[PDB]
Amino acid sequence: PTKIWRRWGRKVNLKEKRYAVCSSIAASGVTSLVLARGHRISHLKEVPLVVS
Amino acid sequence: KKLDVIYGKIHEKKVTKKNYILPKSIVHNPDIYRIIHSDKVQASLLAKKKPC
Amino acid sequence: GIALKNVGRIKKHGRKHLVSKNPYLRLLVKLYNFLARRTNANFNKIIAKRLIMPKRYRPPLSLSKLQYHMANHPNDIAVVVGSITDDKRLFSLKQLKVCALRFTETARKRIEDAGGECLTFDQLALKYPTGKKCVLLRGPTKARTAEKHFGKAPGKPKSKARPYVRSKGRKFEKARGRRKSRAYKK
Amino acid sequence: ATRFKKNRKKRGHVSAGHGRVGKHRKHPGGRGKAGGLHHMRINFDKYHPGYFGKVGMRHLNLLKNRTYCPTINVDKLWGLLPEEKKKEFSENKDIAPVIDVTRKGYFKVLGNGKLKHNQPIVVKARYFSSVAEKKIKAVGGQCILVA
Amino acid sequence: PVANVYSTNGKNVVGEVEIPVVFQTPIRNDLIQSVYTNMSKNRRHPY
Amino acid sequence: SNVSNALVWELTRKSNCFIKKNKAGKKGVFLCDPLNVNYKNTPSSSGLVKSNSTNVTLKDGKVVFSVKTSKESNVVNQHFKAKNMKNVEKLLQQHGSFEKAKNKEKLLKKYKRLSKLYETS
Amino acid sequence: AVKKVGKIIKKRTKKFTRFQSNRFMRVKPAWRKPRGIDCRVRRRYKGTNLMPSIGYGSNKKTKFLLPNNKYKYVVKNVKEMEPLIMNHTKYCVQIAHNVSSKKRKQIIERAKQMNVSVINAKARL
RNA sequence: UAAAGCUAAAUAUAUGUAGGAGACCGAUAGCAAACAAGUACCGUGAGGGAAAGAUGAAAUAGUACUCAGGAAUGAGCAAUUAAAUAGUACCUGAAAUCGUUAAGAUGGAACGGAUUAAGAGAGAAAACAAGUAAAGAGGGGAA
RNA sequence: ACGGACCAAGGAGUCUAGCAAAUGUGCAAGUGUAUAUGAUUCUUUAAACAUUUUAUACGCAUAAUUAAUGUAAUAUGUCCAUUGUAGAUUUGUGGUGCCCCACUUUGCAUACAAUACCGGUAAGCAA
Ligand SMILES: [Mg+2]
Ligand SMILES: [Mg+2]
Ligand SMILES: [Mg+2]
Ligand SMILES: [Mg+2]
Ligand SMILES: [Mg+2]
Ligand SMILES: [Mg+2]
Ligand SMILES: [Mg+2]
Ligand SMILES: [Mg+2]
Ligand SMILES: [Mg+2]
Ligand SMILES: [Mg+2]
Ligand SMILES: [Mg+2]
Ligand SMILES: [Mg+2]
Ligand SMILES: [Mg+2]
Ligand SMILES: [Mg+2]
Ligand SMILES: [Mg+2]
Ligand SMILES: [Mg+2]
């Protein structure tokens, strides 16, 4: 019979979380990767895409 | 612009992550085939050989 | 029928591929496999093999031991397939040229402050294709604590293995079998 | 994850990996540390030799705060200084540092290693060992006792 | 290495900004995947 | 310096929104990215990996000519309107100098095949 | 029994039925490997059911071809069958079971224009 | 500084009542109980304790009329509905078991493996013909 | 020799604690932001983000040994990093085809031994 003291969560190293966030922002700046995630950005000018 | 103050290129109190260093890569330039085609490398390669 | 052993088939006894999934490490493996094949140099074969091994067979190397290994080799390049770490016990450092898979921050700062430089393996492929004036080095592979429990069992006469114990003290496995006054020693 | 468990491989086989003749019965040798000294004796003797018996004196109410004492060797003694501050003491020969290791959490100075020749240093601590104190006196330094 | 800044009518270019150096982190999909499959367990509800 | 073509192959060999494989009729796997002349899943034919490319598709009713010619991450997707064989031959001269003849005639044959498709209203 | 038409060779055509499936109707004909002492099928006695083995495998050069001598690809709408304009002499299409008649008509009339063959272009008519 | 006394907060809550939610179960599951469930029923008594959900959008459409029959019930040239082989034992409607018609086999069991033959059912996606000329109906792309 | 008249549904190595080995990942003489607190966090969010405006919370590791009072790792002649045999890589000549040999140079990991030093015990001398 299922129990409530099954270990529901995990604890993650702080440095690895920061690493993952950093390496994830970098992937946001490569045109081919954004296209390969399913976004329809063929007509865009630049992929980092800053706005005023 | 906040993205350079958060990660410590420009320092600022209570905005920069304390003592955080931005991760480095085990590779300098991941373009392997530009290395393989260099004159230095090509001068060390050996004549192509035959199959059976 | 026919009387062969392991019938007609040859046995090999080691790791065959990368297990890791780092894309940069996979690119490195591809590069040095190509270099090993097309210039059979015995320098690129060994490197192509070493960066396939598991973590326990790529130990770190300290700055002091690296400087000691390079004392009779000025203006040469040391090649390590591991990390290199700092050592507070040294007072001063010379000028060195070292290629390694990883450097720690303090070790990287100390090396560059003395006029040296730090190299990755893709630059060493570009400047020393066949390893001229390069010295291959390894760290201590049997210094891990886990290796202190291996060997003969603790209890066989004149062994050196550590036991697995809750804690350490006069009350924790010191009475019968480790002194003559309780019936025998080891 | 239940996805990768070894038992899923034996799902069609009869015995689930435990054998026809010697089954998987429940506690066929005792419970916990039961049979040691009788029929588990060999395992105890070759993996945990000194297990049985008692030795030594009793200490009835210990209070471990009375004998807390972290140590530091003379190897790591110049490394506590920053490199730039470590640098100027080499050129100038008229000035020496004074180091208080009890501000860093160390209590007793211990004497493994080598100090730099003719490079004086002054150390404060609660305890010293004989070898450490000699090695500090040799390069032209002094030891100071605090509390 | 810089980047243009576009106006909110999508036609004019009104500036340029130097790209921050966090965009040069190595791109590691294996690490991202492994870290993601542990952090996503933390919002689950018991049964 | 943290990215190159070989690293884009490693990152997109398997996980992608353009790969399609056949569960029944086990043979074959196709890459439908917009700049892939063939539909092979190789580094030498995918538009995501290559720096410079040309292609012809439909994309709405009509036929479209496409160029990538992305020199230094200043990716410049140009889009034209193919009208007939002569116009496509002119466009290949104008924008596809970096290619070889063996590629040019392959694209010409592809365009000829595409020019027989139509629907109602 | 070996069957061969052109270059395609089949090394057997009968199925491997499960042991005892003709005598007990709670036993289904789908093949299961016999385990358990004293079987007479696991021990390869002559005169009983045969067991499958890797030796019956097909030629790599002709492993998935239909008698049409083409590979089969299954499509669900018009946009999925556009990669076939470059490889039309090696593939043939088949329409999925759950698409409506109106969609089927368009799929068929486009396959006709592309010069690719349709395996089941007679259903729902 | 014992042998007299009082005193909030930070803590707990398998009960009662109300509110909100889930990588939970889906009528042999989930509480014993999704229904007039601690009910029907059993035991002198302390106690024990089930089974049982679904027509259709609408019955404010639940089957009118005729013929046969003592009646049940059946049949229709007759009737609601999109549908009655959805008719209240009402969504779908498997297997074990039985009925009807056709086709085969049949000297103290039956069924099977290998290999062919004789019958019977079904089939064109390789199991021949691009193109050419004439006429008829269509659908597109350019200038 | 035992179970099996037939059919449908159900039906059996799992969860938690604690230890180890193997492998992947991050940092490295350090490593892990505990309980809490903060925030222009607040459908989701019971998630995610942050760390107190020459810097002593705690665990494991960085030092052992003895019942124990306790004591504690070459030694200041040189920032140097104990000795030998085999051994990966490097340096300079010649031989046969970058490879293998004959010398020459350097000497990782590790295997076999030697030596010095630290804690306990004997022996000798001992204010
Ligand atoms: Mg044989
Ligand atoms: Mg078995
Ligand atoms: Mg059994
Ligand atoms: Mg078959
Ligand atoms: Mg037997
Ligand atoms: Mg009182
Ligand atoms: Mg609920
Ligand atoms: Mg129930
Ligand atoms: Mg319904
Ligand atoms: Mg008879
Ligand atoms: Mg029995
Ligand atoms: Mg029986
Ligand atoms: Mg481990
Ligand atoms: Mg502890
Ligand atoms: Mg002494
Ligand atoms: Mg005296």
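Residues numbered from 1 in each chain as written, not as in the entry; some residues may be left out. Chains lettered and ligands numbered in written order. Part of a larger assembly, values for the part shown. Heavy atoms only, no water.

This entry lists cryo-EM as its structure determination method and reports a resolution of 2.45 Å.

Moving on to the arrangement of the chains. The pair of protein chains exhibiting the most contacts, out of twelve pairs of chains in contact, is chains A and E. One thing to see here is that chain B and chain D don't touch, and their nearest C-alpha atoms sit 17 Å from each other. Kept free of each other, chain A and chain G leave a smallest C-alpha distance of 16 Å between them. (Contact = heavy atoms within 4.5 Å.)

This part is about helix α1 (residues 23–38) of chain C. In a regular helix each residue adds 1.5 Å, so 16 residues correspond to 22 Å; α1 of chain C covers 23 Å between its end C-alpha atoms and thus fits that length. Among the 16 residues in α1 of chain C, twelve count as buried, and that is most of the element. Burial in α1 of chain C covers these residues: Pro-23, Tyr-24, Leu-25, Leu-27, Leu-28, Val-29, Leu-31, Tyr-32, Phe-34, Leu-35, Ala-36 and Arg-38 of chain C. In the core, the buried residues of α1 of chain C are packed alongside α2 (32–36) and α3 (39–42) of chain B, α2 (44–50) and α5 (121–127) of chain C, α1 (29–39) of chain E together with α1 (5–11) of chain F. Of the residues that open α1 of chain C, the one with a side-chain oxygen 3.1 Å from the backbone nitrogen of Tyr-24 of chain C is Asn-22 of chain C. (Helix = DSSP H or I, 4+ residues; strand = E, 2+ residues; numbered from the N terminus. Expected span 1.5 Å × (residues − 1). Buried < 20%, exposed > 50% of the residue type's maximum accessible area, 1.4 Å probe, protein only. Polar contact = N/O pair within 3.5 Å; in protein donor to acceptor, adjacent residues only side chain to side chain.)

Across all of its chains, the model carries 13 aromatic pairs over all chains by this definition. Each ring, one from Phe-16 of chain G and one from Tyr-56 of chain G, has its centre 5.8 Å from the other, and the planes form 80°; the classification is edge-to-face. Within this pair, whereas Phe-16 of chain G is found in the loop between β2 (9–10) and β3 (71–75), its partner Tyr-56 of chain G is found in the loop between β2 and β3, the two being separated by 40 residues in sequence. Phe-16 of chain G sits in the partly exposed class, given a relative accessible area of 23%. The class for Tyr-56 of chain G is partly exposed, based on a relative accessible area of 35%. Following the ring pairs from residue to residue traces out a cluster consisting of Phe-30 of chain F together with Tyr-71, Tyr-73 and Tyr-91 of chain G. Note that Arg-18 of chain A overlies the ring of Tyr-20 of chain B, its terminal NZ or CZ placed 5.2 Å from the centroid. (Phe/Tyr/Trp six-rings, centres within 6.5 Å; stacked < 30°, edge-to-face > 60°. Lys NZ or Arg CZ within 6 Å of the ring centre and 35° of its normal.)

Inspection of the region around RNA strand I gives 97 residues, with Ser-20, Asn-40, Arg-138 and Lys-142 of chain C together with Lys-114 of chain D positioned closest. Sugar and phosphate atoms form 70% of the subset of RNA strand I atoms that lie within 4 Å of the protein. One of the side-chain N or O atoms of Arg-18 of chain A is found 3.2 Å from a phosphate oxygen in RNA strand I. Residue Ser-129 of chain D places a side-chain N or O atom 3.1 Å away from a phosphate oxygen belonging to RNA strand I. Of the residues forming the surface near RNA strand I, the biggest block, five residues, is contributed by helix α1 (residues 14–27) of chain A. (Near = heavy atom within 4 Å.)

Around RNA strand H, a shell composed of 29 residues is seen, among which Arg-43 of chain E, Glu-119 and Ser-121 of chain F together with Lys-14 and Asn-68 of chain G lie nearest. Here, RNA strand H places atoms within 4 Å of the protein, and 66% of those atoms are sugar or phosphate. Here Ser-40 of chain E contributes a backbone N or O atom positioned 3.4 Å from a base nitrogen of RNA strand H. A distance of 3.3 Å is found between a phosphate oxygen of RNA strand H and a side-chain nitrogen or oxygen belonging to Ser-117 of chain G. When the residues that make up the surface near RNA strand H are grouped by side-chain class, the tally is eight nonpolar, eleven polar and ten charged. (Nonpolar A, V, L, I, M, F, W, Y, C, P; charged D, E, K, R; others polar.)

With that settled, consider the interface of chain B and chain F. One frequently used descriptor of interface size is the decrease in accessible area upon assembly of the parts. Contact with chain B, which involves four residues of that partner, is made by six residues of chain F. Around 370 Å² of area is buried between chain B and chain F when both sides are counted, 51% of it from carbon and sulfur atoms. Of all residues in chain B, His-28, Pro-30 and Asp-31 of chain B give up the largest surface area on contact with chain F, accounting jointly for 76% of the area buried on that side. Here chain B and chain F share zero salt bridges between them. At the junction of chain B and chain F, the tally comes to three residue pairs in polar contact. For the side of chain B that touches chain F, the class distribution of residues is one nonpolar, two polar and one charged. (Buried area = accessible area lost by both parts, 1.4 Å probe. Salt bridge = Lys/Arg side-chain N within 4 Å of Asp/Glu carboxyl O.)

Each side of the interface is counted separately: chain A has 26 residues, and chain E has 24 residues. Summing the contributions of chain A and of chain E, the shared interface buries around 2,400 Å²; its carbon and sulfur component is 67%. At the junction of chain A with chain E, the criterion picks out eight residue pairs in polar contact. Elements represented by at least two residues in the side of chain A that touches chain E include exactly α1 and β1 (50–51) of chain A. In terms of residue count, the dominant contributor to the side of chain A that touches chain E is α1 of chain A (ten residues). Grouping the constituent residues of the side of chain A that touches chain E by class yields twelve nonpolar, six polar and eight charged. With two bridges connecting them, β1 of chain A and strand β1 (residues 2–6) of chain E associate as parallel partners. Bridge assignment links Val-51 of chain A to a residue of β1 of chain E, and that residue is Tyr-6 of chain E. (Pairing = 2+ DSSP bridges.)

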